[PDB]
Amino acid sequence: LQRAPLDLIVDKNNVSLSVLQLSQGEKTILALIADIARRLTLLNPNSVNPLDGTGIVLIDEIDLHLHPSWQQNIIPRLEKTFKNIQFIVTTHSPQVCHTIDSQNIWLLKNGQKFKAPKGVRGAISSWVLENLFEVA
Amino acid sequence: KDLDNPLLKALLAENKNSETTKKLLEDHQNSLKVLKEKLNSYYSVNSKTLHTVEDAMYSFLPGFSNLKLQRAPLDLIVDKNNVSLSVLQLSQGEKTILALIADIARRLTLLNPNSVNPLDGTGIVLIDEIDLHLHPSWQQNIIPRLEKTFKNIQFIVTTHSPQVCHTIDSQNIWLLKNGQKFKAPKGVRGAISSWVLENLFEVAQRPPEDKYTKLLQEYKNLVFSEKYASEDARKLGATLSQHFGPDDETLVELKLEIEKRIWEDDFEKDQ
Amino acid sequence: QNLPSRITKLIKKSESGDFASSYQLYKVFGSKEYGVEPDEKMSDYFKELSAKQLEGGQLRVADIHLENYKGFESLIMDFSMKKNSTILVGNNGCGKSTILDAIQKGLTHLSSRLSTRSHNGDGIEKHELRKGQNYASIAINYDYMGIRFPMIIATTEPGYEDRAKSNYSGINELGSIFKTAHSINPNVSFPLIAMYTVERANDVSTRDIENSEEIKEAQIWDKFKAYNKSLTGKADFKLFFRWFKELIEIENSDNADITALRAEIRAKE
Amino acid sequence: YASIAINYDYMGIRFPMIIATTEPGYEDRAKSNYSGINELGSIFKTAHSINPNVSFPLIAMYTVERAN
Amino acid sequence: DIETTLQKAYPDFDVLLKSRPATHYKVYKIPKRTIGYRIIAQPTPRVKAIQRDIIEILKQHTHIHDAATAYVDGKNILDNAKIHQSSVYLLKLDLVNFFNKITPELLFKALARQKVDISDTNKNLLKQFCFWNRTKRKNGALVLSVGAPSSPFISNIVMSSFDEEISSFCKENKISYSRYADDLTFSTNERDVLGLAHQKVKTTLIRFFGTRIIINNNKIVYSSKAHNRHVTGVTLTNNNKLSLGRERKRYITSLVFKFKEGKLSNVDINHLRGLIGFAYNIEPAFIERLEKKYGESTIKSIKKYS
RNA sequence: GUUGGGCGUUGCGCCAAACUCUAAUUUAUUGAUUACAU
Ligand SMILES: Nc1ncnc2c1ncn2[C@@H]1O[C@H](COP(=O)(O)OP(=O)(O)O)[C@@H](O)[C@H]1O
């Protein structure tokens, strides 16, 4: 923390910068993780690990402000850090889908629920795109 | 003013059993509906040069028609698949595209007062994160239609998805590295999205952390390591064939290689 | 004294180990209504056991039923329990946001009855009715340690007699269980309920951090307070900035009285 | 728990009120009851109807901030 | 034929007529196996006799449609699953407002459709002696109570044309119908036809009987041979058999085995007595299998235990 | 993932078998049924 204009300072690549001037794709994730951590700490009193709580977290449109290099490491990292929280989410980026089992993805079209085809886990992105979004 | 008088509310509360008065109340509500319907019917008849602006927003959102508002409590009404409904309850991406195109069209028609084709003006439009709320079906179509509806407009934009960044020729897409500017390699105008991800965004098509990806890597290592049937190719094949399915163009090739290796050990028995 | 057979079954279930089996055992032995004489000590024991057995359980949403909601005529989904991640994929205009908006308006009710005494929450507005229909209904089943809680929230246009009345039988149960567990032990872990809407794009700004040291002091530090403005989206950062200031101040204010104490020990030696 | 149980009077029948607030958890040990004061307010509301210029009581408090 | 024979037995019908006999109800609460408290209002020990007598009088001129195994004489829970054994699919309804919303306005017109004539004084007697007032005040709202001895038969009469029409519809689509109070289960052999049955039952529940009761849009459950399938406690096997279920099947045999070793207290001897007696009304075979495995000398010690 | 059989270091461990319309049974001092004491 830096107390002159009551602002926070974070270091990247040996460069000191304020949070208010960071990239738009790195403050949304920052605030999301900070809010989850603070709420878990508040709701769970003194314990060995206060981030092991339960509940429902609904991350809507996870693909916001994310390069398609973190989308392959966002869901498993949330599950690794928070290993006891349900994470019902919605997405449109086909590089988030190919990290979860096929039985979990719930396709939606024309007001109806369709199960995902077999083998939606780690595979060629073109195949998941073609067989889950109907886009060539 | 008359129907909201406190005396009327007091009279209604005093006598709950007011079926005779309830009939008059329903007659008043019918008059409400008739008057509102007439006032709205005095609207949805004709239009003006606004039709040209309207045609700009029906192309980017297929299945949309009959955009008016309501002279009853204010709201804007669309028609989606013969279902008239309010604009306030449209999808997030639909509203984003609608607002964007409507604003640009309004600007273009106000700058150009008198033209046969007001909608193709000269100017600069900058878009940040064009792939914010868009399905991949619209991502590979957003720009080719954008350059067609608006012709003489520069569209310097930033993207975060391969689907949108494979409809533009390789010489007009700019890559910002750690500290320097680099140009894309040739073969982006009509290439496969996997190639664009692999050689433009530096990301593997297969997640290099999942258990199944590592199992496939070990299987591909073992098939070509002169032991194509040493019980572990067997175990991993029995796993991956059940997982992915017997028909995928990643394991069909490698099973064909295994079959060729099986054949290769037939004539060598006499040796 | 001929303890009723249902009471014996509940005692056997509690011996096997369940949280509701002892809940309905400290409320059967604490009143004359349920049919058995009230014994206070042996009801207090069951209450303590019920609160003790709540630890280690995960609260998850099992199934959901939409009827004449925004865009779905009749929808039934079942979320996996052995898996901790469900993903909705579809076109822009199919209704994946509708299911999340239906999970809220019930999660709001659960949070309200788990934290506050208001017994109020969200509901189906007139503009969310399916165009042409008159009635709508959302049903959600909440899970905890294999024991499920029903719920249903419905509405009817004010021209026809209501054909779907609201019912919140199980969420009152869950809130009462958690509140009793808190009563016997102040440090019982509670579930987290929150949604992050797309409006978190503009979450962090200089305006929010400018006046983050000008808020109420009692709005951040208590267990029952991490529920306000938590299902409205817009992941809060002002309150986080205040919280971070207070924690860094605890580190920068203590650990110096520790240094002062060490200096005092050296001086006394 | 915490409860304020002031009791009012209008030259006659006592009109009670309990203002209580308990932390979530220990909830059954103190509850509010506004029955009498609601009745008294209804009495004055009816009084204003039968007689438009009916007398009402004066209620006011003054902290130290009167002249500061 | 109610007022004529009302004073024949216990000629105290002159009193208790104006002294709100519907108010004569005790309310208690039983704990469910899971979340929930069940309010039950039962009459005073005197009113039950009158209610049983008037049930017997009413039974003289009534008819109850079949496929509704809801408290009809000589029809246990097994015949409910006997009809459903030959099916492959099931759609289990569960009605809401358990008997607590069936107003007396919906019984007199049900009898009128039933083509039975009732006197105005007899109508007042039916409204006054066979219902419960929750508000306990004069000119209140009368609702049927879960616990009154007169609940089953009136609950059956109020749903008679619905049952007939739903059975007629199910016959044309090869669908088996059954109903225990409010446990409507629909079963079929054809694939993807249960949606039509659900739509039909929804549209007929809101037309004859009115918008009074509705389908609980929470416990609507689907099942097949892929997963577990049950019809009122009875488990239907994939091999087309009616059994209790493996957990209970092993519990009973473990208890009867422990009987032989003599390591069981007298409290659970009554438990085994009840369980063996009950394993005659669902599975007539299981005890024969125990005889085949453990022996007749083992079984014929609990059924006649001293 | 669910269902029926078998053995006995039996308030259930193991063995041996099967099935997948996108989709698992809970109420008593009440009424119906099995059973002992009458
Ligand atoms: N009153 C209504 N009548 C008809 N359709 C409605 C009505 N209200 C909402 N909808 C439908 O709800 C859809 C909104 O989609 P939405 O819930 O935002 O999911 P997503 O954001 O993933 O596209 C729209 O396709 C719209 O047609």
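Neighbour counts run over all protein chains shown; Cβ positions are idealised from the backbone, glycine included. Each value in this text was obtained by applying a stated rule to the coordinates, not by laboratory testing.
For the pair residue B:183 and residue A:10, a Förster radius of 25 Å applied to the C-beta separation gives a FRET efficiency near 0.20, rounded to the nearest 0.05. For the stretch C:140-269, a crude dipole built from +1 on the beta carbon of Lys and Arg and -1 on the beta carbon of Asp and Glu, taken about the Cα centre, is about 320 debye to the nearest 20.
Peptide B:128-138 is shielded by partner chain Cβ atoms: per residue, an average of 5 of them sit within 10 Å of its Cβ. Each of the peptides B:6-12, D:24-30, B:68-74 was scored by the mean count of other Cβ atoms within 10 Å over its residues; in descending order, highest first, they stand as D:24-30, B:68-74, B:6-12.
Averaged over the residues of B:203-211, the number of partner chain Cβ atoms lying within 10 Å of the residue Cβ comes to 6. Along the axis of the charge dipole computed for chain B (Cβ charges of +1 for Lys and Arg, -1 for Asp and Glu, origin at the Cα centre), the listed residues B:12, B:74, B:84 are led at the positive end by B:12. On alpha carbon coordinates alone, what is the Rg over Rh value for chain A, Rh being the Kirkwood radius? Across chain A, the Cα-based Rg/Rh ratio is 1.04. Secondary-structure-derived ellipticity at 222 nm for chain D, considering helices only, amounts to -8000 deg cm²/dmol, per-run term -39500 (n - 2.57) for DSSP H runs with n ≥ 4.
Distance from a point 7 Å along Cα→Cβ of residue E:249 to each backbone N in the stretch E:211-228: keep the residues under 20 Å and list them by number. E:224-228, by backbone N distance to the label point. In chain B, what % of DSSP beta bridges are antiparallel (nearest 5)? Once the DSSP bridges in chain B are tallied, antiparallel ones form about 75 percent.
With both residues required to sit in the stretch B:57-170, DSSP beta bridges show an antiparallel share near 70%. Could you work out which residue, out of C:182, C:127, C:119, moves most in a Gaussian network model of chain C, that is, has the largest mean-square fluctuation with Cα springs under 10 Å? Greatest mean-square fluctuation among the candidates belongs to C:127. Net charge around residue E:69, counting only other residues with Cβ within less than 13 Å of its Cβ (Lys, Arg = +1; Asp, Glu = -1)? Taking every other residue near residue E:69 into account, the sum is -3. Relative to the Cα centre, the charge distribution of the stretch D:1-54, modelled as +1 at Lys and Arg Cβ and -1 at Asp and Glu Cβ, gives a dipole magnitude of about 160 debye. Cut-off 10 angstrom, C-alpha nodes, Gaussian network model of chain C. Which of C:54, C:231, C:192 fluctuates the most? Most flexible of the set in this elastic network: C:192. Simple rule: put +1 on each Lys or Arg Cβ and -1 on each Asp or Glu Cβ in chain E, find the dipole, and look at E:162, E:208, E:89; the Cα lying farthest toward the positive end is E:89. Placing unit charges on the Cβ atoms of the charged side chains and taking the dipole of the protein assembly as shown about its Cα centre, the candidate lying farthest along the positive direction among A:30, E:197, E:242 is E:242. Pairs with C-alpha atoms separated by more than 24 Å, drawn from the list A:115/C:229; C:47/C:223; B:68/C:131; C:41/C:179; C:52/D:31, are A:115/C:229; C:52/D:31. Remark: spin-label model distance residue A:46-residue D:35 equals 4.5 nm, labels positioned 7 Å along the Cα→Cβ axis. The phi-based Karplus calculation (6.51 cos²θ - 1.76 cosθ + 1.60; θ = phi - 60°) puts the 3J(HN,Hα) values of the stretch C:185-195 at 9, x, 10, 8, 5, 10, x, 10, 10, 6, 10 Hz, whole numbers, x for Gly and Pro. Applying the Karplus relation 6.51 cos²θ - 1.76 cosθ + 1.60 with θ = phi - 60° to the stretch E:86-96 yields 3J(HN,Hα) values of 7, 8, 10, 10, 8, 10, 8, 6, 9, 6, 9 Hz, where x marks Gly and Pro. Our coupling estimate for the stretch B:108-114, obtained by passing each phi through the Karplus curve with A = 6.51, B = -1.76, C = 1.60 and θ = phi - 60°, is 5, 6, 6, 5, 9, x, 10 Hz, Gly and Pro reported as x.
Based on the Cβ-Cβ distance from residue B:172 to residue C:210, what FRET efficiency comes out when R0 is 45 Å, to the nearest 0.05? Efficiency for this residue pair is about 0.60. Here the label points at residue C:16 and residue E:305, each 7 Å from Cα along the C-beta direction, are separated by 2.0 nm in the simple model. Every helix of 4 or more DSSP H residues in chain E counts as -39500 (n - 2.57), and over all residues that averages to -10500 deg cm²/dmol at 222 nm. Dipole check for chain C: with +1 at the C-beta of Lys and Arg, -1 at the C-beta of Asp and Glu, and the Cα centre as origin, the magnitude is about 640 Debye.
Extension gain for the segment residue C:268 to residue C:201, taken as residue separation times 0.36 nm less the Cα-Cα distance, is 18.4 nm to one decimal. Counting only other chain Cβ atoms within 10 Å of each residue's Cβ, the peptide D:21-34 averages 3. A simple spin-label model places pseudo-atoms 7 Å from Cα toward Cβ; at residue C:187 and residue A:131 they are separated by 5.1 nm. Across the stretch B:114-271, the mean sequence separation of Cα contacts (distance under 8 Å, 6 or more residues apart), normalised by length, yields a relative contact order of 14 percent.
In chain A, helices alone account for a calculated mean residue ellipticity at 222 nm of -8500 deg cm²/dmol, with every DSSP H run of four or more residues adding -39,500 (n - 2.57). With a cut-off of 11 Å on the backbone N, the residues of the stretch C:245-269 near the modelled label site 7 Å out from residue C:221 along Cα-Cβ are C:246-251.
For GluC sites (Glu not before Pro), the sites in the stretch C:89-183 that DSSP calls loop and that have at most 13 other Cβ atoms within 10 Å are C:125, C:161. Estimated from the Cβ-Cβ distance and a Förster radius of 25 angstrom, the FRET efficiency linking residue E:260 and residue C:48 is about 0.05. Short-range pairs are left out: with C-alpha atoms under 8 Å and at least six residues apart, the relative contact order of chain B is 8 percent. Relative contact order of the stretch C:61-180: 26 percent, from C-alpha pairs under 8 Å at least 6 residues apart in sequence.
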